[PDB]
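**Q** Quick one: structure below, then a few questions.
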Amino acid sequence: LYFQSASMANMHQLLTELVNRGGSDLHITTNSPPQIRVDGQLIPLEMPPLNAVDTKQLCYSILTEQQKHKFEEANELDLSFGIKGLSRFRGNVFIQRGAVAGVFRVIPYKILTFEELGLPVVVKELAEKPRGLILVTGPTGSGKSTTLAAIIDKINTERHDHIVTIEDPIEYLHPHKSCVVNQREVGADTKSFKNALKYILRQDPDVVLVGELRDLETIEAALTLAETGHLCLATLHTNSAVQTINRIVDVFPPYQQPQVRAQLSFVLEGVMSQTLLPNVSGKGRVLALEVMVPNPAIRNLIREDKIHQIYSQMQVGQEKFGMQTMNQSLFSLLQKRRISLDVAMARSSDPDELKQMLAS
Amino acid sequence: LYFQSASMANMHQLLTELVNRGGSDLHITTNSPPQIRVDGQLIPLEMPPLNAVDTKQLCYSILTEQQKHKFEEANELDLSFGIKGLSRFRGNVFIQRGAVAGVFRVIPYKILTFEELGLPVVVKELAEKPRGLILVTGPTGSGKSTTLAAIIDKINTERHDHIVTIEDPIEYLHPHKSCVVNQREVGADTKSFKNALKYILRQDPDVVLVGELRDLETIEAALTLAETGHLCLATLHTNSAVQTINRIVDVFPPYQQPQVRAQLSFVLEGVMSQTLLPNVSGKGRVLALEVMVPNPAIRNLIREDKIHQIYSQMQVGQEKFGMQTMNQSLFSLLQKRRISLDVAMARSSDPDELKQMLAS
Amino acid sequence: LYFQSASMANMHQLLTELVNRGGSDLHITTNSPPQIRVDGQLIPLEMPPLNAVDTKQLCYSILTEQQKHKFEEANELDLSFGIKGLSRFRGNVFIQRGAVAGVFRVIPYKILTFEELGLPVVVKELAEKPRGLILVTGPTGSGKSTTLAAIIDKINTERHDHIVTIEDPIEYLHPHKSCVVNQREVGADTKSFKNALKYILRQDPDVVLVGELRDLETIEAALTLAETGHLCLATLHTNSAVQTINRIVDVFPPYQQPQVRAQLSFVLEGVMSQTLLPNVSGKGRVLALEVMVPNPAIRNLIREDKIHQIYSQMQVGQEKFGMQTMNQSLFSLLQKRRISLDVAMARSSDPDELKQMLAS
Amino acid sequence: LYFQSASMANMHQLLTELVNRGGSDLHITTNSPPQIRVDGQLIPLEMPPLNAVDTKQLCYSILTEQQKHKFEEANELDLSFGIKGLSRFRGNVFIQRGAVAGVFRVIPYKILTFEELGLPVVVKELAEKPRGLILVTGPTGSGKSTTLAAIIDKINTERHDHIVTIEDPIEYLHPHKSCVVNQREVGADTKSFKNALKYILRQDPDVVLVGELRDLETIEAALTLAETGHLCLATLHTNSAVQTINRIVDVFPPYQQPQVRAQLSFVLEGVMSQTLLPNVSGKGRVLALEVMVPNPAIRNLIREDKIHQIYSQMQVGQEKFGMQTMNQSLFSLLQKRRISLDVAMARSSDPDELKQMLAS
Amino acid sequence: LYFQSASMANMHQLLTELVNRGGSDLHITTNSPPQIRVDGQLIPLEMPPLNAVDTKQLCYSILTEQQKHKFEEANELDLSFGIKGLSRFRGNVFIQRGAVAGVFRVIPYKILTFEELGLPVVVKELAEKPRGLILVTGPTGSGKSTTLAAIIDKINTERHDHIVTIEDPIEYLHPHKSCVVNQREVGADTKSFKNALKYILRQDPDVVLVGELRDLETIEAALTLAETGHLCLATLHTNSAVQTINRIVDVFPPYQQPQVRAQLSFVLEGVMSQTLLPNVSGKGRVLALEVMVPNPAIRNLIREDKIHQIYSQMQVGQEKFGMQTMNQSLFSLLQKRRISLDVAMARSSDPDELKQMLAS
């Protein structure tokens, strides 16, 4: 016979507080008051510490009965929901030390633009490509989602297309502007990437965001989309243009690598690799970017399996095509003093060259 | 509990509207009016946006109870249906952001001809073949279905055969003309290519459209049909004749490869590789086609494992055999100014050769 | 039907007795009185031997009904619990020779410090790291848990972060200090490392204790956390820095090994390898520790696949970086006469080197 | 409507007879009277032949209802049971020619000592090792169980430790002497070695008997135990020290063999390989033993992967360390005339050397 | 609804008829009278053809309800049974063309001797072996069962052992003579060789017929029995001693092959390879037999991995060891004119050698 906290606040009040304070994350766990993150800083609300009853009631209050069952069978639940006239959120509910715990995150209405993300013009120009394959690349949490969201927002503003998205999970939500936008969240709207892609060609899309290129099936579906006149947006957990292209070819049977190379050289329209590094401040992060934009020479290098030699084309290709190596991005960051020498040299896949650029 | 929109139109009205306006695709998704696609362009209908109840009701109204149950378990359903007096449609129902979403596509009664598809006469000649294996390769979406449709239509018009197709899905329907036509849709009429092929020799077919050569099993069935006096139509996602033939062989155990090559050399009657490129305009698509018609010289090349060399025979085969390379096709599209040099050269698997041709 | 022993003490009495007497382990098994372990020594309590009914009743009395059902299906149950006013315990219930048997272990409130564990200051310095990957390797039972506990305690004391641990099992508990702490026990709070990691990026953590790097999947999650501004604490059963780094790479497909090395070179902030050796006495255990702190020179060695050579940098790294080899550590234990030459030389992965050092 | 034998004896009378006659095995099967084995000789009791009813009733009489069900689902049942004031037994129940059959074996109270087993002093000294890995080795039925039992009996007499055993099955039962002894039988007390070892580190043991080193998981758990200060006893189905050590390393991925070699060289304390050969009499068996006791040189040979060269160290190592090759044991057996030349040369993994020793 | 034939005989009548007429096989199938086989010849009984009801009734009449249910689920049932006062039979019930069909085979009471089977005295000598592994190899149907039967009969007559067989199926039954005999039929008494072998060491056997060495597991069990003072009888489908020994080794991992060869060299006491050839007549079958009896020279050949060379020792081993090669056996059958030169030379694994012998 345990009760909740005296005059305990409900999830509507807590989520209203989160949004009002410009916060991004609300943490609900036992023996702590509710906590919000505003611009990086974790802040306890002035409330008493939560007990196990509090946590279950708060987290459960934003759930349907199906979702409740699913969580009680799994001890994991991830979801989106909207409070009307407030915001849309993500939620994560789980078990910690025998008690319910939750993390809730604001899903912003307003998408950050390229200017705001400090992305270079070439990224905008990629967002104007009518067809083909565009790879945005890096560790999850390196701003891949904010970059994709800005691209899709621009496409949605400028074209009269069908945009279908497959996300795990959905990070930013898109209202219909000039496009029709259908966003499928894996594990909720669709059971898997496999499934969502089984019928993507039967959904009359023009632009397709494929969450991540996990396996052969997904790569083939991405390539198939870009081969047939769609704009395919996709993602890899890799750290350079070269590493990305190799990765795409190498997971295939050897007898298929010539084909896939050929397909890639035809359909690839851009490769962006991202990494978010700490600013010298230490309180904040800055983006370092590698941009590869295929030119005829590079299309030949891909097909003829000379993939390593693409890098040289990226070195000399910055001003007429918009290309830029990671070292050139790091170098840039150092001139503007946005990151430290140490961080730059650690992230550099070629410190010697960076050292040489610095000698100027 | 929420209601549907006031005086909401039903699917009969909506599809009737679609067909009347020369549309191809109808989109049913929330926070948007129904949208139709006409000659490429998405066009909103003059009615209010749909809510969640609307989309569920509309997409459910063209469904049987089993299809509903199948959809609620799967969050994916793809089917065909007819409105008497109007048209046959394909429908696709999915979940996006917690809501039902539909895409509906007109299945035309009238099957486009070779003339209209811009297919060269050699394809027509190939459709007059009595026996053997015929391959149409390329990405799903490169017009394999319309090429196959036209071939089967011609066969159905001219022969007195039993035509069995195994499709995923059925793209174009065929009435009986002179042939008896049976079409099985994977996912609906049969559970799999594997099931449908297990009994194909017991169904007295003369002509069989086998679909994609996914497995070792499917290839072996196609080869079997082709060896024993049937005409086998089949598909592969390969982008050239040479790439297609290698793929047939290479998936088999090394010990079986000398057999399969011997088989291929005997039964192969033609290979078509297709690409739908963008026109110079961008607002439409033209077809690029590589055609390989075997001859004594090529059958020997396949059997004696000199497959790369086939490409040579295709360069000089246009007048006698109607063969054409992808480069020859691209070169032809450029003369007629149907595609641009950029697009042509990117697609080229031998850019240097194509420049050499363009010089002369 | 048999009864329990006359005037049998309950678990509250027994554990109270355990704690009061400065014991660590309580044993409940048949034909023996309850036994407690005190400073290493098993000590029977002054009561009659337990029968089968006794052990079942006693071990069942600290169980919920689900835990009972889980145990009767499995013949294995492992949990944590608290007696209010006394202590937190770990319990383990098993079947031996047809009878229930229990082992109960005190979870201390107070977490031992670096000083008390005899950890060198370099470990403390490593616990002040803001980002990256930190590895504590060694056999389960070599004190990885107490080293990790001390690190997390320090973090929890000094930072304002969200700390998520994933443990198997949880060895040491953490109250909230300045951080918000969520601990998930595999087998109880989460079903697996795989489940708990599937959503870790959705739980807004800053610091994550990932546990053993079992899989390719777990390593990839750790690397991901470390690449994206988190601090990742993790474990491996490797006995040296060099052996640890090779193990991270070698489990991956050859094509991915150049990526993973590049990643490691970037995010690795430290590797500790531990051994609890016997003291010269034998009646206790001392810690031997190999510490590797990366530096420009080592990050290059990892990325350029010269991992064996790292060991050289560790020999000369003590004054500037605090690094120490296992041999240096062993040599140190010998000077202080904490371990014997036999034990030292057996553990040595380079006996000849250690003699050479001992000569000087 | 079939009955049992007139005035048929029950299992209590039969098992009482077995024990009274110093027998070891009682055989219950149809068309034979019950039969007992005393010191090797099979002897029919003076009773009428058993029928199918007799067999089921006798065997079933020593079963619980759960055990009955388990046997009727499997047609196999293995178990231990005790008759009060008589003895503890093993039982095996199975189906032969449509009828129930059983084998029952005395589990002796009193464990055979080293002196009695005619084991050499070095085996006793191994039983005094405070830590590490001790491997007793050979085919099941070569006296591995009587050797382990004698060791454990000595440990139980001399230490105040926790002894946990995992057996498949339990062969000799241990009363608590100075140790606490928990014996888990696989398939009854625990579902598998895998399971029992999942929690062994949570059961506060000091000495652990791991039944057999089947797979990687088990070897790793054994090594982990010996690395962390426990005494781990374990078993392999191999026939020499060298074959044993190779076997332990070789079942691992190549990238792990350096580690495992290193671990083995640190933790290995002894390797005993056994074989029971027939005495010249033919009625009786004698033990031939290979003993390897690690010295510094051998620890180096293991680590540096020169495992074959260990044998030479065993040749010269007999008098100061207690080592002895199998040939030296066979040679010994021949001087004392306990086995024949033929048997000796057949068992010899190096007859030439044995021949040479014999030339003296 | 259909009835059985008028005044239809029952199975008792039919089998009685079978036995009385010196028949071996009874066939029960539709549109044929019952047929018996006598000295090779199928002979219809003087009764009308059977209908579908007849065959079902007749085959069901020798079945228990569980056997019926097992058959109706499986469309396959194979068993043994007895008619009191007549004989033991094997029965096989199957479905052909929608109808039940039966084959019934007499199990003889009297087990044929070595003399009668034409086995040479060396086999008899091998049946007097106290320990080790004995192999009878060849195709099922080459008389392995009658050779094994005769061996076991001799053992059962002469020894006081516990004989356990594991058969698939049981071909010949054994009453107790001086041994206790337990026979388990795979599919009935035990579910598998794997199940029956899992507990064989717990059933106190002295002599074990293990059946085919299918697996690595079964071989390892046989070797274990043979190493530990049991006599293991076992089967392989190999056609020579050399081929048999290689097969034992080659199925094992390369690292284990030196162990298994060492084991084989120690425990192998004989290998018999058999063939039932047609006689010159054609209306019967004669036995060809290759026998290998190990000797010091051969045990060394096996252990040192020179297995091909064994064949040399077999050529000259007839007088001292009774060994004979297949070629020697064939040569012997030709002298006696039991087989023809065609049949002999086809079966010969060295035709040139056999001609060479025939020359002299």
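How things are named: the first chain in the structure tokens is A, the next is B, and so on; residues count from 1 in each chain; ligands count from 1 in the order shown.
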Enumerate as a list in words the residues belonging to chain A that approach chain B to within 6 Å, with only C-alpha atoms taken into account.
**A**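 Residues of chain A within 6 Å of chain B, counting only C-alpha atoms: residues 182, 183, 184, 189, 190, 203, 224, 228 and 266 of chain A.
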**Q** Can you state the RMSD, in Å, between chain D and chain B once they are superposed by least squares on every Cα paired in order?
**A**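 With all C-alpha atoms paired in order, the RMSD is 0.3 Å.
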**Q** Where in region 260-297 of chain D does DSSP assign strand (DSSP E or B), given as number ranges by chain?
**A** D: 268-278, 285-292
**Q** Identify all residues of region 127-355 of chain C in alpha helix (DSSP H) (DSSP on the backbone) and supply them as a short mmCIF file (atom, residue, chain, number, x, y, z; two decimals) with N, CA and C atoms, in the first residue's frame.
**A**
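As a result, out-v1.cif now contains:
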data_model
loop_
_atom_site.label_atom_id
_atom_site.label_comp_id
_atom_site.auth_asym_id
_atom_site.auth_seq_id
_atom_site.Cartn_x
_atom_site.Cartn_y
_atom_site.Cartn_z
N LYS C 144 37.48 -5.55 -11.41
CA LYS C 144 36.99 -4.59 -12.39
C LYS C 144 35.84 -3.78 -11.80
N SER C 145 34.93 -4.49 -11.15
CA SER C 145 33.77 -3.87 -10.51
C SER C 145 34.12 -2.79 -9.47
N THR C 146 35.12 -3.03 -8.61
CA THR C 146 35.48 -2.02 -7.60
C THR C 146 36.23 -0.85 -8.23
N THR C 147 36.93 -1.11 -9.32
CA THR C 147 37.63 -0.04 -10.03
C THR C 147 36.62 0.85 -10.74
N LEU C 148 35.69 0.21 -11.45
CA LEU C 148 34.58 0.91 -12.09
C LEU C 148 33.67 1.64 -11.10
N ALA C 149 33.35 0.98 -10.00
CA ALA C 149 32.58 1.60 -8.94
C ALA C 149 33.22 2.90 -8.47
N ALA C 150 34.53 2.88 -8.25
CA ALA C 150 35.22 4.04 -7.71
C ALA C 150 35.23 5.19 -8.72
N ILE C 151 35.41 4.83 -9.98
CA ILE C 151 35.38 5.79 -11.07
C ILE C 151 34.02 6.47 -11.17
N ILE C 152 32.96 5.66 -11.14
CA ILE C 152 31.62 6.19 -11.28
C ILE C 152 31.25 7.05 -10.07
N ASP C 153 31.65 6.60 -8.88
CA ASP C 153 31.42 7.36 -7.67
C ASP C 153 32.02 8.75 -7.77
N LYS C 154 33.25 8.81 -8.29
CA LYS C 154 33.95 10.08 -8.44
C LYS C 154 33.22 10.98 -9.44
N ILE C 155 32.73 10.37 -10.52
CA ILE C 155 32.01 11.09 -11.55
C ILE C 155 30.72 11.66 -11.00
N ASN C 156 29.97 10.79 -10.33
CA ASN C 156 28.72 11.12 -9.67
C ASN C 156 28.87 12.24 -8.64
N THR C 157 30.06 12.33 -8.04
CA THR C 157 30.36 13.34 -7.04
C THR C 157 30.69 14.69 -7.70
N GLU C 158 31.40 14.64 -8.83
CA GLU C 158 31.96 15.85 -9.42
C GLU C 158 31.15 16.44 -10.57
N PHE C 193 22.12 -7.27 -22.67
CA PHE C 193 22.90 -6.14 -23.13
C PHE C 193 22.36 -5.60 -24.46
N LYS C 194 21.91 -6.51 -25.31
CA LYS C 194 21.42 -6.15 -26.64
C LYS C 194 20.17 -5.27 -26.53
N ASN C 195 19.22 -5.67 -25.68
CA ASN C 195 18.03 -4.86 -25.43
C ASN C 195 18.39 -3.50 -24.84
N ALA C 196 19.21 -3.51 -23.79
CA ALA C 196 19.49 -2.28 -23.07
C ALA C 196 20.29 -1.28 -23.93
N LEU C 197 21.07 -1.79 -24.87
CA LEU C 197 21.86 -0.90 -25.72
C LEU C 197 21.06 -0.39 -26.92
N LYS C 198 20.02 -1.12 -27.29
CA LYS C 198 19.20 -0.76 -28.43
C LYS C 198 18.60 0.63 -28.32
N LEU C 216 29.98 -8.00 -31.58
CA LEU C 216 30.31 -6.92 -32.51
C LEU C 216 29.36 -5.75 -32.25
N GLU C 217 28.14 -6.09 -31.87
CA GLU C 217 27.08 -5.12 -31.65
C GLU C 217 27.36 -4.21 -30.44
N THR C 218 27.77 -4.82 -29.33
CA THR C 218 28.08 -4.08 -28.11
C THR C 218 29.29 -3.15 -28.31
N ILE C 219 30.34 -3.65 -28.96
CA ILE C 219 31.51 -2.84 -29.27
C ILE C 219 31.13 -1.61 -30.12
N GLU C 220 30.26 -1.84 -31.09
CA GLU C 220 29.81 -0.81 -32.00
C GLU C 220 28.99 0.24 -31.29
N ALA C 221 28.29 -0.18 -30.24
CA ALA C 221 27.50 0.76 -29.46
C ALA C 221 28.43 1.61 -28.60
N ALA C 222 29.37 0.96 -27.91
CA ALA C 222 30.39 1.65 -27.13
C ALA C 222 31.16 2.67 -27.97
N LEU C 223 31.63 2.25 -29.14
CA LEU C 223 32.37 3.14 -30.03
C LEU C 223 31.53 4.35 -30.43
N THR C 224 30.24 4.09 -30.62
CA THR C 224 29.30 5.10 -31.03
C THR C 224 29.13 6.14 -29.93
N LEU C 225 28.93 5.67 -28.71
CA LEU C 225 28.81 6.55 -27.56
C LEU C 225 30.08 7.41 -27.45
N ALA C 226 31.23 6.76 -27.57
CA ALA C 226 32.53 7.40 -27.39
C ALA C 226 32.83 8.43 -28.49
N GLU C 227 32.42 8.13 -29.72
CA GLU C 227 32.59 9.04 -30.86
C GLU C 227 31.74 10.31 -30.78
N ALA C 241 46.93 -4.23 -22.49
CA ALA C 241 46.45 -3.18 -23.38
C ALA C 241 46.51 -3.63 -24.83
N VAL C 242 47.67 -4.16 -25.22
CA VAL C 242 47.89 -4.68 -26.56
C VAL C 242 46.91 -5.81 -26.90
N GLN C 243 46.75 -6.73 -25.97
CA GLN C 243 45.82 -7.83 -26.16
C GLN C 243 44.38 -7.33 -26.26
N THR C 244 44.07 -6.28 -25.49
CA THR C 244 42.75 -5.66 -25.50
C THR C 244 42.42 -4.99 -26.84
N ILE C 245 43.36 -4.20 -27.34
CA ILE C 245 43.16 -3.47 -28.59
C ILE C 245 43.02 -4.43 -29.77
N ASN C 246 43.86 -5.47 -29.81
CA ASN C 246 43.78 -6.47 -30.88
C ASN C 246 42.43 -7.17 -30.90
N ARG C 247 41.94 -7.50 -29.70
CA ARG C 247 40.64 -8.15 -29.54
C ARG C 247 39.48 -7.29 -30.04
N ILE C 248 39.56 -5.98 -29.83
CA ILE C 248 38.53 -5.07 -30.34
C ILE C 248 38.44 -5.15 -31.87
N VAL C 249 39.59 -5.25 -32.52
CA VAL C 249 39.68 -5.20 -33.97
C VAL C 249 39.35 -6.54 -34.60
N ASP C 250 39.99 -7.58 -34.07
CA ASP C 250 40.03 -8.87 -34.72
C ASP C 250 38.68 -9.58 -34.85
N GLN C 257 38.04 -3.55 -40.25
CA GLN C 257 39.16 -3.38 -39.32
C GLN C 257 39.92 -2.04 -39.46
N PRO C 258 40.18 -1.58 -40.71
CA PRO C 258 40.69 -0.21 -40.86
C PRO C 258 39.78 0.89 -40.29
N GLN C 259 38.45 0.72 -40.34
CA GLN C 259 37.57 1.71 -39.72
C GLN C 259 37.69 1.70 -38.18
N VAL C 260 37.63 0.50 -37.61
CA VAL C 260 37.54 0.33 -36.17
C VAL C 260 38.82 0.80 -35.49
N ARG C 261 39.95 0.51 -36.13
CA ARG C 261 41.23 1.04 -35.68
C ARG C 261 41.27 2.58 -35.71
N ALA C 262 40.69 3.17 -36.76
CA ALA C 262 40.62 4.63 -36.89
C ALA C 262 39.76 5.20 -35.79
N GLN C 263 38.64 4.53 -35.53
CA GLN C 263 37.76 4.88 -34.43
C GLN C 263 38.46 4.78 -33.08
N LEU C 264 39.12 3.65 -32.84
CA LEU C 264 39.79 3.43 -31.57
C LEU C 264 40.85 4.49 -31.34
N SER C 265 41.56 4.85 -32.41
CA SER C 265 42.67 5.78 -32.28
C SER C 265 42.12 7.13 -31.83
N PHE C 266 40.90 7.42 -32.26
CA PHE C 266 40.26 8.69 -31.97
C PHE C 266 39.66 8.75 -30.55
N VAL C 267 38.95 7.70 -30.14
CA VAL C 267 38.09 7.78 -28.96
C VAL C 267 38.69 7.15 -27.69
N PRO C 296 49.70 11.13 -28.82
CA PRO C 296 49.77 11.18 -30.29
C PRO C 296 50.45 9.95 -30.89
N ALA C 297 51.58 9.55 -30.30
CA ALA C 297 52.39 8.45 -30.82
C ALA C 297 51.65 7.12 -30.87
N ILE C 298 50.80 6.88 -29.88
CA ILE C 298 50.05 5.62 -29.76
C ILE C 298 48.82 5.59 -30.65
N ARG C 299 48.13 6.72 -30.74
CA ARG C 299 46.96 6.81 -31.61
C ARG C 299 47.35 6.50 -33.05
N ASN C 300 48.54 6.96 -33.45
CA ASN C 300 49.08 6.65 -34.77
C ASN C 300 49.39 5.14 -34.88
N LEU C 301 50.04 4.58 -33.86
CA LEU C 301 50.29 3.14 -33.86
C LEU C 301 49.00 2.31 -34.04
N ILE C 302 47.92 2.67 -33.34
CA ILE C 302 46.66 1.95 -33.50
C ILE C 302 46.08 2.10 -34.92
N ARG C 303 46.02 3.32 -35.44
CA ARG C 303 45.43 3.57 -36.76
C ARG C 303 46.22 2.94 -37.91
N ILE C 310 52.80 -0.62 -29.37
CA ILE C 310 52.28 0.23 -28.31
C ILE C 310 53.03 -0.01 -27.01
N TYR C 311 53.38 -1.27 -26.77
CA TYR C 311 54.00 -1.69 -25.51
C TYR C 311 55.28 -0.91 -25.20
N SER C 312 56.01 -0.57 -26.25
CA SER C 312 57.21 0.27 -26.15
C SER C 312 56.92 1.64 -25.54
N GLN C 313 55.87 2.29 -26.02
CA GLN C 313 55.47 3.59 -25.51
C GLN C 313 55.06 3.52 -24.04
N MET C 314 54.62 2.35 -23.60
CA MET C 314 54.16 2.22 -22.23
C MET C 314 55.32 2.08 -21.24
N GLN C 315 56.44 1.59 -21.73
CA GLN C 315 57.62 1.41 -20.91
C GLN C 315 58.16 2.73 -20.41
N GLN C 318 55.68 6.51 -17.82
CA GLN C 318 55.29 6.75 -16.45
C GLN C 318 55.29 8.16 -15.89
N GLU C 319 56.33 8.92 -16.15
CA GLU C 319 56.39 10.27 -15.62
C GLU C 319 55.43 11.27 -16.27
N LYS C 320 55.44 11.34 -17.59
CA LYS C 320 54.52 12.22 -18.31
C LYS C 320 53.06 11.80 -18.37
N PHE C 321 52.82 10.53 -18.67
CA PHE C 321 51.46 10.03 -18.80
C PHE C 321 50.93 9.11 -17.72
N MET C 326 52.37 -4.05 -17.09
CA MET C 326 52.17 -5.13 -16.13
C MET C 326 53.51 -5.50 -15.49
N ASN C 327 54.56 -5.61 -16.30
CA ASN C 327 55.88 -5.90 -15.75
C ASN C 327 56.34 -4.80 -14.79
N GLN C 328 56.13 -3.53 -15.13
CA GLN C 328 56.50 -2.44 -14.22
C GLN C 328 55.72 -2.56 -12.92
N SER C 329 54.42 -2.83 -13.02
CA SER C 329 53.57 -3.02 -11.85
C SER C 329 54.05 -4.18 -11.00
N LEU C 330 54.29 -5.34 -11.63
CA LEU C 330 54.82 -6.51 -10.92
C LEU C 330 56.13 -6.15 -10.20
N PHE C 331 57.00 -5.44 -10.90
CA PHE C 331 58.29 -5.04 -10.37
C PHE C 331 58.10 -4.18 -9.12
N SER C 332 57.03 -3.40 -9.13
CA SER C 332 56.73 -2.49 -8.04
C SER C 332 56.22 -3.28 -6.83
N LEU C 333 55.36 -4.26 -7.10
CA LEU C 333 54.84 -5.12 -6.03
C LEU C 333 55.96 -5.91 -5.35
N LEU C 334 56.96 -6.31 -6.13
CA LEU C 334 58.11 -7.04 -5.60
C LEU C 334 59.01 -6.17 -4.69
N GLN C 335 59.27 -4.93 -5.09
CA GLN C 335 60.06 -4.00 -4.26
C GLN C 335 59.44 -3.83 -2.88
N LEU C 341 58.31 -13.69 -5.82
CA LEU C 341 58.97 -13.86 -7.11
C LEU C 341 58.30 -14.96 -7.97
N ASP C 342 57.90 -16.08 -7.36
CA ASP C 342 57.20 -17.16 -8.08
C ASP C 342 55.95 -16.66 -8.76
N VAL C 343 55.06 -16.10 -7.95
CA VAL C 343 53.79 -15.60 -8.43
C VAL C 343 54.02 -14.50 -9.47
N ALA C 344 54.94 -13.59 -9.17
CA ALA C 344 55.25 -12.51 -10.11
C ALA C 344 55.69 -13.06 -11.47
N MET C 345 56.66 -13.96 -11.46
CA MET C 345 57.24 -14.49 -12.68
C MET C 345 56.26 -15.36 -13.47
N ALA C 346 55.32 -16.03 -12.79
CA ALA C 346 54.34 -16.85 -13.50
C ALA C 346 53.39 -15.95 -14.28
N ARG C 347 53.01 -14.83 -13.67
CA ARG C 347 52.04 -13.92 -14.24
C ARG C 347 52.65 -13.12 -15.36
N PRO C 351 58.82 -12.72 -18.63
CA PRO C 351 59.74 -13.13 -17.55
C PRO C 351 61.17 -12.57 -17.73
N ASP C 352 61.78 -12.77 -18.89
CA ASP C 352 63.14 -12.24 -19.17
C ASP C 352 63.24 -10.73 -18.92
N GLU C 353 62.26 -9.96 -19.41
CA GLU C 353 62.23 -8.52 -19.14
C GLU C 353 62.21 -8.22 -17.65
N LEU C 354 61.31 -8.88 -16.92
CA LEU C 354 61.20 -8.68 -15.47
C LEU C 354 62.50 -9.02 -14.73
N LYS C 355 63.13 -10.16 -15.02
CA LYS C 355 64.49 -10.39 -14.47
C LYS C 355 65.44 -9.23 -14.79
#
**Q** Write out as a short mmCIF file (atom, residue, chain, number, x, y, z; two decimals) with N, CA, C and O atoms, in the first residue's frame the residues lying within 10 Å of residue 9 (chain B), counting only C-alpha atoms and excluding same-chain residues fewer than 6 positions away.
**A**
data_model
loop_
_atom_site.label_atom_id
_atom_site.label_comp_id
_atom_site.auth_asym_id
_atom_site.auth_seq_id
_atom_site.Cartn_x
_atom_site.Cartn_y
_atom_site.Cartn_z
N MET B 47 -10.85 19.66 -51.81
CA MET B 47 -11.59 19.24 -50.61
C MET B 47 -10.69 19.43 -49.37
O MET B 47 -9.48 19.62 -49.51
N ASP B 54 -10.71 9.47 -41.57
CA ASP B 54 -10.82 9.52 -43.02
C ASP B 54 -9.94 8.51 -43.72
O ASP B 54 -10.41 7.77 -44.58
N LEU B 58 -11.43 5.30 -45.68
CA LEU B 58 -11.22 5.23 -47.12
C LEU B 58 -10.39 4.00 -47.53
O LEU B 58 -10.79 3.26 -48.44
#
**Q** Identify, on the basis of only C-alpha atoms, every residue whose closest approach to region 118-121 of chain D does not exceed 9 Å; exclude the query and any residue fewer than 6 positions from it along the same chain; express the result as a list in words.
**A**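 So, after excluding close chain neighbours, the residues are residues 147, 287, 289 and 322 of chain D.
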**Q** Using only C-alpha atoms, which residues sit within 10 Å of residue 17 (chain B) once same-chain residues fewer than 4 positions away are excluded, as a ChimeraX atom specification?
**A** /B:11-13,21-23,26,36,45
**Q** Measuring atom to atom with only C-alpha atoms, identify which of E:233, E:292, E:188, E:122 is nearest to residue 66 (chain E).
**A**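 Closest to residue 66 (chain E), using only C-alpha atoms: E:188.
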